[PDB]
Amino acid sequence: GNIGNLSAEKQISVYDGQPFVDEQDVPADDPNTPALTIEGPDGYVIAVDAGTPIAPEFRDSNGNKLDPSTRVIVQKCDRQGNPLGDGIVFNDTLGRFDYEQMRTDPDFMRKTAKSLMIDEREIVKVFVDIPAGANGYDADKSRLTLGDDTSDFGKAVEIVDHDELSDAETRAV
Amino acid sequence: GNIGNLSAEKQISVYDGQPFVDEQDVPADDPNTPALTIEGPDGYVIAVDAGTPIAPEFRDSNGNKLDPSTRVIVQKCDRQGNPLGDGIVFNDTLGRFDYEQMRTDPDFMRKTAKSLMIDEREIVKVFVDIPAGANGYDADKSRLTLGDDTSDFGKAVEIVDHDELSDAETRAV
Amino acid sequence: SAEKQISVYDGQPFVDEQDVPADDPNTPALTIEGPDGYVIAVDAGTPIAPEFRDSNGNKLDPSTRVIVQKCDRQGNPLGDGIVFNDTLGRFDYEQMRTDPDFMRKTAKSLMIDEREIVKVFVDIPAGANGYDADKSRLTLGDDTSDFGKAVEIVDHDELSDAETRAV
Amino acid sequence: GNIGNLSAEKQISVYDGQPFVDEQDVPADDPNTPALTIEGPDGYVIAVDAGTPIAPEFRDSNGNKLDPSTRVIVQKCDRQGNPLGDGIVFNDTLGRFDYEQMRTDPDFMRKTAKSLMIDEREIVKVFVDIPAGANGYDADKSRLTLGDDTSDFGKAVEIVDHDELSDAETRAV
Amino acid sequence: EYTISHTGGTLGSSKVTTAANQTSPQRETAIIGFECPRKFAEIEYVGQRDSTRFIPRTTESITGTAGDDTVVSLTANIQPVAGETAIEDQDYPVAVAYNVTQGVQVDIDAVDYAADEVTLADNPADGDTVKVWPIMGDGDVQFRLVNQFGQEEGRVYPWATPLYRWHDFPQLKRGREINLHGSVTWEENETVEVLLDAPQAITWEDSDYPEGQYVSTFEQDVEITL
Amino acid sequence: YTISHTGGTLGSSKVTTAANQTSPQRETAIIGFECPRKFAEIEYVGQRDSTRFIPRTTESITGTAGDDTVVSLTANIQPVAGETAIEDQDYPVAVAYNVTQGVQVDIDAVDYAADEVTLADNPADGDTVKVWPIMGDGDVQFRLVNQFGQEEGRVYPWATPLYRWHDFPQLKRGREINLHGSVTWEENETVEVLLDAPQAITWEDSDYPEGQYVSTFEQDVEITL
């Protein structure tokens, strides 16, 4: 009745429903409101390698898609939520994507640029820049799928607990 | 007040009403459906040597004997229950026997053309090739006695628990 | 070279079809036999196209199990030596034998002599309307793509024959 | 289509149907009648070692058995049909027989007391001595058989074609 | 190579064996043909080592009227089975009978082997019909080989062994069961045949039979190459 | 010495158990894969062995005038592989059956946000219709159970949301699911598919039109002999 012991590097994907992430309905024309808000899970450490995909299935309250000229932004911040400016991973639009298949075929898998590394309290935020005419944001119907942990394609994110010198060298940012 | 220090090699015979064998009534002419199903008793090992007799007391649901032209086959199978094809010990007809005295006199004892061996999981099946107009096979009225453990004639079946080097050898199947 | 690269289908005179009931797995639906003078070889990664349908031409139940399995020279299976055990529900019939991205493939290789047997078994639940191969069929292997693979056939050559006889 | 070689020696029996023999019905109490006349088969040669069975299934015209007191003889003659006195192989009665098992159990099978060798033209005769009372001998409802060639018991006639030096020494009669 | 025993039979390992009847003139004909399959490599039968079993049974018919207790001469020199003449002790029935109009079995009481007569308990009805299946009596048999053309390629032990020994001996007992003389080796598609000459026509597969579908049987313990 | 089989809704043995969850939102045992006598041991390998899960639930309604539309079904419906229009999908998002007529219904259209659908045949007043759509929300994982009935440990303690199984075109090679972790059975042991979801899921409704099983959980595995 064996299960198979495991490495600490759990390879997973990230979505809104998990209990370290929060959503928020948004109006049109604030590029600063955090739509999404990740936080450190209080003890573990997360590592997103550069070369990681996204599927930001963003829609409106009437279920329709947003304006493709909308710009999505992803950014690291401090433990108080103030962005660091640097450490940006993303700056592009929605029209680049195709919700029918944006998390299926690698020819369309839009991905990050740089790596990322979250301590027990660091925070990632996601921002949305739109003109006025849109039908806002409805997170209750929209969602996000970060990375893949199921396919022969794409990559995943590494969750780990605390191993000593790993953390010692990891905190040296 | 002693009993006798016994060898592990217990010399017995088999009967249908045992908790390592199952009966199953049959249609008219469905040969690939098993009459009986012997399985290993989950820890012991059996050996049927050659010269081993049979008393297959098969009768219909109305008490009469079956068609003498019916073919009987006994054969080893895999642990999966599938016939090995090879490894037959018997193939003959019911009409060879005399139910009055098929088990009585050695002079009518029909026996196996082979030895045989059985592990904890190995399986034996007893298939019955019948023509159309037969009245099937009622195991509630019918039975079987494989081997003998009483007669000074014939032989018996050896049964053992695991002895070390002999088991390592027996696993050469 | 004497190696012929082909595919296989039901209408060839070394593969017998058979209609089936709705709740019997042990029956042979399709039965290949050795062609009595040639030798066949399959390799792993080989596709299948079992376009199975009913007496009304509708598809069978997706929960149906399909199994391909080698047998001995008697027609008796072997338990070991299976190449396929999966379901019809995984095959988009409209494009299973077209797109390699939906081509479902084998696991093992296989070798058939002049007498050896391959069989295909089907496990269906009670309710379905059986199996009528008069409308249904099978197709095996692909000759036409750099993708996929095909099936090798030969007559008898000494070294390879005596080697292949050492199963 | 291989059949397997043979010796030149064939291990068989005889009866009336074997067409190198003639039957003849008999009166009441004549011993001298040639009931059965076997002639040499004009091309084959016989070897009857002693210890050779007989089933002279003799019956009346109504199908009842003859008297047990009857005596039966098998004797050699010349090529013309004249006995020799010597060359006798049987002298006994039907009381030493039992028609229902006189070819079943070797305990029952009475046998010859001498050897015999028949050339292309010699003759064997059967002689039958009966008292007054019995109702003659009907060959239609009777028959004969000579030889056992079937079971794991018995010893059959060696029938043969011609082998050279064998015949060379055969003709030293 | 691995070889085992097997039992060639009326149906056997392949459902292509032929069983057909002989003819009424005294002619040696083909009773049974075992055609070898492709499943096997080759087959061997060895006289004096391996055994053979045979129960031949023919057919007759009769019409009813008053006084029809005695079933007449059946035109076969009936013999005792295992030397025995009382039915219930016999290893198998000398003869059986069946009323067709009633569609029922009938037993037998009295016998006569020279007269070839028997006598029953069911006095049939005037206008009724009964069938009888008695064993076969006189007749001489042997084995034949045939290649894949129909050309004869060899008999075995060219001596037509008689039939009534099969009835006389209790076929099932060791040391008394039948062994013929000779040997033989089959091949893939070739045929071996049981041939016979005798007066009366044998039968199988008369649907009106009580104890089974096949009235007669031929069996042969032989050896098989895989 | 091993080969590859699949565990299934029936699989290699007629002892596999199929039960349904609770309405109180609390995780339950969906399926119990119990190892049989026939085999020696069973192996699962995440990241090698594929898996397929077509869940499907039940709803019911009564007819009257104007009921060409069926409601937000308390289920966050999702398109199939992104695709929407029914006849082009890999499989139907939902099917429905009029009981009184005792027939299948074909569907016109869908609205996913409001979770509603639009049919073709206005059913009769007083009539009954059953619907079988996919299931929406849901968090699954694998559990181990000894022969005694005791929980040993969960596999890869990170649940899988349901709707990815709908989001990916499950048949395309590479796109098919490969969960994480490993697990190994013994003879009398059991493994259990567990789920937590708010809506009740079904199997083996007599009135299904396409097949005798509405929902399937197939999985690839390695087997020893």
# chains A, B, ... in the order shown; residues from 1 in each chain; ligands from 1
call {"tool": "residues_around", "arguments": {"residues": "residue 98 (chain A)", "least_positions_apart": "3", "cutoff": "12 Å", "atoms": "only C-alpha atoms", "output": "PyMOL selection string"}}
result
(chain A and resi 54-58+65+68+93-95+101-105+107-110) or (chain F and resi 81-83)
call {"tool": "write_last_selection", "arguments": {"atoms": "N, CA and C atoms", "output": "mmCIF file, in the first residue's frame"}}
result
data_model
loop_
_atom_site.group_PDB
_atom_site.id
_atom_site.type_symbol
_atom_site.label_atom_id
_atom_site.label_comp_id
_atom_site.auth_asym_id
_atom_site.auth_seq_id
_atom_site.Cartn_x
_atom_site.Cartn_y
_atom_site.Cartn_z
ATOM 1 N N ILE A 54 -0.123 31.874 -19.676
ATOM 2 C CA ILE A 54 -1.259 32.487 -19.004
ATOM 3 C C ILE A 54 -2.505 32.190 -19.827
ATOM 4 N N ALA A 55 -3.644 32.214 -19.158
ATOM 5 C CA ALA A 55 -4.947 32.206 -19.795
ATOM 6 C C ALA A 55 -5.854 33.123 -18.986
ATOM 7 N N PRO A 56 -5.889 34.425 -19.271
ATOM 8 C CA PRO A 56 -6.701 35.364 -18.475
ATOM 9 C C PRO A 56 -8.112 35.513 -19.026
ATOM 10 N N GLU A 57 -8.951 34.511 -18.772
ATOM 11 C CA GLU A 57 -10.243 34.443 -19.438
ATOM 12 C C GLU A 57 -11.127 35.507 -18.800
ATOM 13 N N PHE A 58 -10.968 36.723 -19.302
ATOM 14 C CA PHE A 58 -11.626 37.910 -18.786
ATOM 15 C C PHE A 58 -12.823 38.256 -19.657
ATOM 16 N N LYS A 65 -16.882 39.297 -24.251
ATOM 17 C CA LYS A 65 -15.477 39.583 -24.081
ATOM 18 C C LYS A 65 -15.258 41.076 -23.935
ATOM 19 N N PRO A 68 -10.482 44.207 -27.043
ATOM 20 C CA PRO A 68 -9.154 43.611 -27.217
ATOM 21 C C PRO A 68 -8.030 44.603 -27.038
ATOM 22 N N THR A 93 -1.921 42.758 -24.400
ATOM 23 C CA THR A 93 -3.343 42.984 -24.557
ATOM 24 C C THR A 93 -4.097 41.670 -24.529
ATOM 25 N N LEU A 94 -5.404 41.782 -24.717
ATOM 26 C CA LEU A 94 -6.301 40.642 -24.762
ATOM 27 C C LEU A 94 -6.484 40.127 -26.172
ATOM 28 N N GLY A 95 -6.483 41.030 -27.144
ATOM 29 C CA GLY A 95 -6.651 40.668 -28.533
ATOM 30 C C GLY A 95 -5.588 39.716 -29.028
ATOM 31 N N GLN A 101 -8.916 28.757 -27.523
ATOM 32 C CA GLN A 101 -7.798 27.827 -27.520
ATOM 33 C C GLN A 101 -6.541 28.369 -26.852
ATOM 34 N N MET A 102 -6.626 29.458 -26.087
ATOM 35 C CA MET A 102 -5.414 30.127 -25.623
ATOM 36 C C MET A 102 -4.605 29.308 -24.626
ATOM 37 N N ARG A 103 -5.162 28.222 -24.090
ATOM 38 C CA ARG A 103 -4.454 27.335 -23.177
ATOM 39 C C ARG A 103 -4.335 25.920 -23.726
ATOM 40 N N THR A 104 -4.371 25.766 -25.049
ATOM 41 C CA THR A 104 -4.305 24.468 -25.702
ATOM 42 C C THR A 104 -3.051 24.273 -26.537
ATOM 43 N N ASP A 105 -2.868 25.086 -27.571
ATOM 44 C CA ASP A 105 -1.822 24.897 -28.560
ATOM 45 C C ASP A 105 -0.657 25.827 -28.278
ATOM 46 N N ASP A 107 1.365 27.296 -30.117
ATOM 47 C CA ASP A 107 1.474 28.385 -31.075
ATOM 48 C C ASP A 107 0.787 29.654 -30.594
ATOM 49 N N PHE A 108 -0.133 29.540 -29.637
ATOM 50 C CA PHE A 108 -0.878 30.657 -29.094
ATOM 51 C C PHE A 108 -0.608 30.890 -27.619
ATOM 52 N N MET A 109 0.196 30.052 -26.979
ATOM 53 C CA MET A 109 0.427 30.179 -25.549
ATOM 54 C C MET A 109 1.307 31.388 -25.300
ATOM 55 N N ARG A 110 0.675 32.524 -25.046
ATOM 56 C CA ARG A 110 1.395 33.710 -24.616
ATOM 57 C C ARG A 110 2.039 33.414 -23.275
ATOM 58 N N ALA F 81 -13.903 22.819 -24.747
ATOM 59 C CA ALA F 81 -12.672 23.106 -25.470
ATOM 60 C C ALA F 81 -12.677 24.529 -26.004
ATOM 61 N N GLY F 82 -13.362 25.421 -25.294
ATOM 62 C CA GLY F 82 -13.657 26.738 -25.796
ATOM 63 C C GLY F 82 -14.839 26.805 -26.733
ATOM 64 N N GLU F 83 -15.250 25.688 -27.324
ATOM 65 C CA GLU F 83 -16.250 25.697 -28.371
ATOM 66 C C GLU F 83 -17.644 25.690 -27.769
#
call {"tool": "select_by_dssp", "arguments": {"residues": "chain E", "states": "helix (DSSP H, G or I)", "output": "PyMOL selection string"}}
result
chain E and resi 87-89+164-168
call {"tool": "write_last_selection", "arguments": {"atoms": "C-alpha atoms", "output": "PDB file, in the first residue's frame"}}
result
ATOM      1  CA  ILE E  87     -30.219 -55.023 -21.284  1.00  0.00           C
ATOM      2  CA  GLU E  88     -29.973 -53.305 -17.911  1.00  0.00           C
ATOM      3  CA  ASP E  89     -26.561 -54.867 -17.230  1.00  0.00           C
ATOM      4  CA  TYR E 164     -18.464 -57.261 -34.183  1.00  0.00           C
ATOM      5  CA  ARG E 165     -15.372 -57.312 -31.979  1.00  0.00           C
ATOM      6  CA  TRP E 166     -16.174 -53.704 -31.123  1.00  0.00           C
ATOM      7  CA  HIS E 167     -19.464 -55.008 -29.769  1.00  0.00           C
ATOM      8  CA  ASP E 168     -18.066 -58.166 -28.186  1.00  0.00           C
TER       9      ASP E 168
END
call {"tool": "residues_around", "arguments": {"residues": "region 109-116 of chain E", "least_positions_apart": "4", "cutoff": "10 Å", "atoms": "only C-alpha atoms", "output": "list in words"}}
result
residues 59, 61, 62, 63, 64, 141 and 142 of chain D; 69, 70, 71, 72, 73, 74, 75, 76, 77, 78, 79, 80, 85, 86, 87, 94, 120 and 121 of chain E
call {"tool": "closest_atom_pairs", "arguments": {"of": "chain F", "to": "chain C", "cutoff": "9 Å", "atoms": "only C-alpha atoms", "output": "tab-separated table"}}
result
residue	atom	partner	partner_atom	distance
F:2	CA	C:80	CA	8.8
F:3	CA	C:82	CA	7.5
F:4	CA	C:85	CA	7.6
F:5	CA	C:85	CA	5.6
F:6	CA	C:86	CA	6.4
F:8	CA	C:63	CA	8.3
F:9	CA	C:63	CA	7.6
F:10	CA	C:63	CA	8.6
F:11	CA	C:65	CA	8.5
F:52	CA	C:90	CA	8.7
F:90	CA	C:92	CA	7.7
F:170	CA	C:90	CA	8.1
F:171	CA	C:90	CA	5.7
F:172	CA	C:102	CA	5.0
F:173	CA	C:101	CA	5.6
F:174	CA	C:101	CA	8.4
F:210	CA	C:61	CA	7.3
F:211	CA	C:61	CA	5.5
F:212	CA	C:127	CA	6.1
F:213	CA	C:63	CA	7.2
F:215	CA	C:63	CA	8.9
F:216	CA	C:63	CA	7.2
F:218	CA	C:87	CA	8.6
F:220	CA	C:86	CA	8.4
F:225	CA	C:80	CA	6.8
call {"tool": "residues_around", "arguments": {"residues": "residue 167 (chain C)", "least_positions_apart": "3", "cutoff": "12 Å", "atoms": "only C-alpha atoms", "output": "PyMOL selection string"}}
result
chain C and resi 72+81+110-113+116+161-164
call {"tool": "interface_residues", "arguments": {"of": "chain A", "to": "chain F", "cutoff": "12 Å", "atoms": "only C-alpha atoms", "output": "PyMOL selection string"}}
result
chain A and resi 1-19+55+57+59-65+98-106+138-145+148-154+156+159
call {"tool": "select_by_dssp", "arguments": {"residues": "region 80-109 of chain F", "states": "strand (DSSP E or B)", "output": "NGL selection string"}}
result
:F and (80 or 83 or 94-98 or 103-105 or 107-109)
call {"tool": "interface_residues", "arguments": {"of": "chain E", "to": "chain B", "cutoff": "7 Å", "atoms": "only C-alpha atoms", "output": "list in words"}}
result
residues 5, 6, 7, 172, 173, 174, 211, 212 and 213 of chain E
call {"tool": "closest_atom_pairs", "arguments": {"of": "chain E", "to": "chain C", "cutoff": "9 Å", "atoms": "only C-alpha atoms", "output": "Markdown table"}}
result
| residue | atom | partner | partner_atom | distance |
| --- | --- | --- | --- | --- |
| E:38 | CA | C:115 | CA | 7.6 |
| E:39 | CA | C:74 | CA | 5.5 |
| E:40 | CA | C:73 | CA | 7.5 |
| E:226 | CA | C:74 | CA | 8.4 |
call {"tool": "atom_distance", "arguments": {"atom1": "CA of residue 47 (chain E)", "atom2": "CA of residue 195 (chain E)"}}
result
16.6 Å
call {"tool": "residues_around", "arguments": {"residues": "residue 126 (chain A)", "least_positions_apart": "6", "cutoff": "6 Å", "atoms": "only C-alpha atoms", "output": "VMD selection string"}}
result
chain A and resid 34 to 36 73 to 74
call {"tool": "residues_around", "arguments": {"residues": "residue 199 (chain F)", "least_positions_apart": "5", "cutoff": "8 Å", "atoms": "only C-alpha atoms", "output": "count of residues only"}}
result
4
call {"tool": "atom_distance", "arguments": {"atom1": "CA of residue 154 (chain C)", "atom2": "CA of residue 11 (chain C)"}}
result
20.2 Å
call {"tool": "decode", "arguments": {"residues": "region 72-90 of chain A", "atoms": "N, CA, C and O atoms", "output": "PDB file, in the first residue's frame"}}
result
ATOM      1  N   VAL A  72      -3.573  44.121 -20.245  1.00  0.00           N
ATOM      2  CA  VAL A  72      -3.386  43.395 -19.000  1.00  0.00           C
ATOM      3  C   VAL A  72      -1.955  43.590 -18.556  1.00  0.00           C
ATOM      4  O   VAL A  72      -1.027  43.628 -19.368  1.00  0.00           O
ATOM      5  N   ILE A  73      -1.778  43.702 -17.248  1.00  0.00           N
ATOM      6  CA  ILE A  73      -0.478  43.914 -16.645  1.00  0.00           C
ATOM      7  C   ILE A  73      -0.387  43.009 -15.434  1.00  0.00           C
ATOM      8  O   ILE A  73      -1.379  42.799 -14.732  1.00  0.00           O
ATOM      9  N   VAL A  74       0.801  42.478 -15.196  1.00  0.00           N
ATOM     10  CA  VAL A  74       1.093  41.656 -14.036  1.00  0.00           C
ATOM     11  C   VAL A  74       2.353  42.196 -13.399  1.00  0.00           C
ATOM     12  O   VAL A  74       3.302  42.558 -14.102  1.00  0.00           O
ATOM     13  N   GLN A  75       2.371  42.248 -12.072  1.00  0.00           N
ATOM     14  CA  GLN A  75       3.479  42.915 -11.416  1.00  0.00           C
ATOM     15  C   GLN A  75       3.645  42.430  -9.989  1.00  0.00           C
ATOM     16  O   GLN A  75       2.671  42.173  -9.280  1.00  0.00           O
ATOM     17  N   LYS A  76       4.897  42.344  -9.580  1.00  0.00           N
ATOM     18  CA  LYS A  76       5.276  41.991  -8.229  1.00  0.00           C
ATOM     19  C   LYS A  76       5.211  43.228  -7.348  1.00  0.00           C
ATOM     20  O   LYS A  76       5.395  44.351  -7.821  1.00  0.00           O
ATOM     21  N   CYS A  77       4.939  43.018  -6.063  1.00  0.00           N
ATOM     22  CA  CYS A  77       4.883  44.108  -5.102  1.00  0.00           C
ATOM     23  C   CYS A  77       5.502  43.642  -3.795  1.00  0.00           C
ATOM     24  O   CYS A  77       5.983  42.513  -3.672  1.00  0.00           O
ATOM     25  N   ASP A  78       5.474  44.530  -2.813  1.00  0.00           N
ATOM     26  CA  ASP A  78       6.060  44.284  -1.510  1.00  0.00           C
ATOM     27  C   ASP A  78       5.048  43.573  -0.622  1.00  0.00           C
ATOM     28  O   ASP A  78       3.959  43.195  -1.056  1.00  0.00           O
ATOM     29  N   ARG A  79       5.399  43.406   0.647  1.00  0.00           N
ATOM     30  CA  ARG A  79       4.488  42.820   1.613  1.00  0.00           C
ATOM     31  C   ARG A  79       3.351  43.756   1.984  1.00  0.00           C
ATOM     32  O   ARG A  79       2.334  43.290   2.510  1.00  0.00           O
ATOM     33  N   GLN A  80       3.500  45.054   1.729  1.00  0.00           N
ATOM     34  CA  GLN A  80       2.451  46.035   1.943  1.00  0.00           C
ATOM     35  C   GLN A  80       1.626  46.311   0.696  1.00  0.00           C
ATOM     36  O   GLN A  80       0.653  47.066   0.777  1.00  0.00           O
ATOM     37  N   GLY A  81       1.994  45.745  -0.448  1.00  0.00           N
ATOM     38  CA  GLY A  81       1.221  45.878  -1.664  1.00  0.00           C
ATOM     39  C   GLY A  81       1.696  46.953  -2.608  1.00  0.00           C
ATOM     40  O   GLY A  81       1.125  47.098  -3.694  1.00  0.00           O
ATOM     41  N   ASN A  82       2.723  47.698  -2.238  1.00  0.00           N
ATOM     42  CA  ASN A  82       3.265  48.747  -3.075  1.00  0.00           C
ATOM     43  C   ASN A  82       4.086  48.113  -4.186  1.00  0.00           C
ATOM     44  O   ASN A  82       5.016  47.353  -3.881  1.00  0.00           O
ATOM     45  N   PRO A  83       3.784  48.343  -5.466  1.00  0.00           N
ATOM     46  CA  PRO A  83       4.595  47.727  -6.515  1.00  0.00           C
ATOM     47  C   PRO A  83       6.023  48.233  -6.505  1.00  0.00           C
ATOM     48  O   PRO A  83       6.297  49.390  -6.183  1.00  0.00           O
ATOM     49  N   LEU A  84       6.933  47.342  -6.875  1.00  0.00           N
ATOM     50  CA  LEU A  84       8.350  47.654  -6.936  1.00  0.00           C
ATOM     51  C   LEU A  84       8.753  48.329  -8.235  1.00  0.00           C
ATOM     52  O   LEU A  84       9.908  48.741  -8.365  1.00  0.00           O
ATOM     53  N   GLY A  85       7.841  48.452  -9.191  1.00  0.00           N
ATOM     54  CA  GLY A  85       8.174  49.026 -10.475  1.00  0.00           C
ATOM     55  C   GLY A  85       8.829  48.011 -11.378  1.00  0.00           C
ATOM     56  O   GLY A  85       8.267  47.604 -12.396  1.00  0.00           O
ATOM     57  N   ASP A  86      10.023  47.583 -10.999  1.00  0.00           N
ATOM     58  CA  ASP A  86      10.726  46.543 -11.729  1.00  0.00           C
ATOM     59  C   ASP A  86      10.061  45.208 -11.423  1.00  0.00           C
ATOM     60  O   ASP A  86       9.022  45.135 -10.765  1.00  0.00           O
ATOM     61  N   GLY A  87      10.652  44.129 -11.907  1.00  0.00           N
ATOM     62  CA  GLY A  87      10.081  42.822 -11.683  1.00  0.00           C
ATOM     63  C   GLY A  87       8.782  42.594 -12.430  1.00  0.00           C
ATOM     64  O   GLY A  87       8.024  41.679 -12.102  1.00  0.00           O
ATOM     65  N   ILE A  88       8.500  43.427 -13.430  1.00  0.00           N
ATOM     66  CA  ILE A  88       7.348  43.182 -14.276  1.00  0.00           C
ATOM     67  C   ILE A  88       7.621  41.957 -15.132  1.00  0.00           C
ATOM     68  O   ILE A  88       8.761  41.683 -15.525  1.00  0.00           O
ATOM     69  N   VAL A  89       6.557  41.218 -15.423  1.00  0.00           N
ATOM     70  CA  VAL A  89       6.595  39.998 -16.209  1.00  0.00           C
ATOM     71  C   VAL A  89       5.824  40.161 -17.511  1.00  0.00           C
ATOM     72  O   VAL A  89       6.140  39.503 -18.507  1.00  0.00           O
ATOM     73  N   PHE A  90       4.811  41.025 -17.513  1.00  0.00           N
ATOM     74  CA  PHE A  90       3.846  41.092 -18.597  1.00  0.00           C
ATOM     75  C   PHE A  90       3.490  42.530 -18.911  1.00  0.00           C
ATOM     76  O   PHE A  90       3.373  43.368 -18.015  1.00  0.00           O
TER      77      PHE A  90
END
